[PDB]
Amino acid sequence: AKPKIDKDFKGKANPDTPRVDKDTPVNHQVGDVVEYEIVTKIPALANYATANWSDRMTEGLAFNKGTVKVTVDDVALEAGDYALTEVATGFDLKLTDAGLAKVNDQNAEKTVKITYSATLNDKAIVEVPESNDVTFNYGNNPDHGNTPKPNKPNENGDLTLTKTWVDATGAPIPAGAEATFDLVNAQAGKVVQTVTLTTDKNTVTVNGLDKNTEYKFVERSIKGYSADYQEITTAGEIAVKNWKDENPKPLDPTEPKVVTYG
């Protein structure tokens, strides 16, 4: 039995029945504090080595550091039950062994809820949505995967993906398989290009992109490999490290959107 996940605004996330109109961006004004929640259902009798949530958001949403709260069945986790790392554009939250004990080997489905807020800022452009992207990276083996980090192309409209490969221990290995990625508009959600990295190559470039738009390369699941998207350092460059973790593909919830008008 697979875990299930949903992401939405406060009070609206529901993995069993995601919100029917979530495709429509919710209208906000610059300065609004927007409240989010990620709800995950973990099956009875789980034995995960890793339960990790990774969240990043587009530049018009300023992640509000210090606002992350996490509960299991509506009981707040103790500090030692999880490890949270917050960065400018989002966060990563992983259960420790103490936290895993509260969701593994249970006799009924367990519900994890993570809440936080972000602020709509003056980088937002009227009529153009802002969004976020989350993964639940899990498995019976340790998992090293996480969520895509959106990036703009360089000034010439070029965006280059560089890929490396390591085994479960983090040691370099040859490419495991041909790797396909969907380049998605990170704000609006549509696929703009699909690229393929053959096993004799480590880079691929997409040309002719909008230098003012944030995009993300989303790796199509490669059996036995998890995708570790590196932090962004440079417009026009995205790096991914594939780990041979031998785990199931991650969960990737449908995403809510916000927008502002003039």
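One rule holds for the numbers: they count along the sequence shown, beginning at 1.
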Next item on the list: Would you tell me which stretch averages the higher CA B-factor in the PDB entry, 99-107 or 185-193?
Entry: 185-193
Next item on the list: Pick between 9-17 and 238-246: the one whose mean CA B-factor in the entry is higher.
Entry: 9-17
Checklist line | Most elevated Cα B-factor in the entry, residues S131, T164, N154, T135 | finding: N154
Check: Which one, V70, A51, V204, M57, has the peak C-alpha temperature factor per the PDB entry?
Finding: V204
Next item on the list: Would you mind checking where the Cα B-factor of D200 ranks among the modelled residues of its chain, as the lowest, middle or highest third?
Entry: highest
Checklist line | Ranked against its chain, the third holding the CA B-factor of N64 | finding: lowest
Checklist line | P142 - Cα temperature factor, lowest/middle/highest third of chain | finding: middle
Checklist line | Chain thirds of CA B-factor: placement of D210 | finding: highest
Next item on the list: Determine, from the deposited record, the chain-internal third of the Cα B-factor for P174: lowest, middle or highest.
Entry: middle
